[PDB]
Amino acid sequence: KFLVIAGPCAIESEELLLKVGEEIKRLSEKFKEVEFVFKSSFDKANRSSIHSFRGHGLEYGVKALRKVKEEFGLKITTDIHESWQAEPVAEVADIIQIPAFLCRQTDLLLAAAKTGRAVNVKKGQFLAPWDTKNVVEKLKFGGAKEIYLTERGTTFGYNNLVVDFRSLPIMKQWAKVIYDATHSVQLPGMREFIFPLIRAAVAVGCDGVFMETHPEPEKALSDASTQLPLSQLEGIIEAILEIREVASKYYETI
């Protein structure tokens, strides 16, 4: 079934996670043909500034995600930044996420694959679509069986990313493809382009969408510009399901 990965960018507090998890739980009940995965980062390990918000740590984060899965029965996903984090994170995360800048770090990918969990690799802004074939191979070699590749934009000049939708059908040759609707419009972002491009993604054909959502984006401690207002999530999901229903008839074979 179609995958919808959503949640607040960073674990600002398990308090915030529970509220978002409550809404995502409601949607999962409303859209039974959609597999929802709750997402949130326990650490923003690659912020540009040393003075920016990173988070409350791996322990506090895993703890919070635990509360979400136990209280709502929702699958979990979060990203790791160094090999040692794979095992402890795998205790809760159903899908281990590999950051875009780290999509070529062999040991990180192998550590994720060794946990037995599913692995979702964010395609680096420097990577060509066809070069993700080797990324998948590393994971398979490492024992991974459920593998995802996430489109999140490509470097286009300075401080700008472009989404080359040709990447969707290309990557589909070796893995399930997820479209990251929030970071793809981010400027190394205009919220005005989030919905339009999500529509494009489902019209082209993908296996799921990734969206950062927050009750009050403006008050968010991270991505206050691109995080989707929680209340708008239902409408966007219904919209992409309707577009997918009609467009899927034309999705090219493999």
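Residue indices: 1-based, along the sequence shown.
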Going by the record, give me the number of deposited-sequence residues missing between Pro196 and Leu197 as none, 1 to 3, 4 to 9, or 10 or more.
none
Comparing mean C-alpha B factor in the record for 161-169 and 90-98, the higher one is 90-98
Higher mean Cα B-factor in the deposited model: 67-75 or 144-152?
67-75
Looking at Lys44, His51, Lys219, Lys39, which has the biggest Cα B factor in the entry?
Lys219
For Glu234, does the deposited CA B-factor place it in the lowest, middle or highest third of the chain?
middle
Among modelled residues of the same chain, the CA temperature factor third for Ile24
highest
Which third of the chain does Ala247 land in by C-alpha B-factor: lowest, middle or highest?
lowest
Third assignment of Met211 from its chain's C-alpha B-factors:
middle
Of the three thirds of its chain by CA temperature factor, lowest, middle or highest, which one includes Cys9?
middle
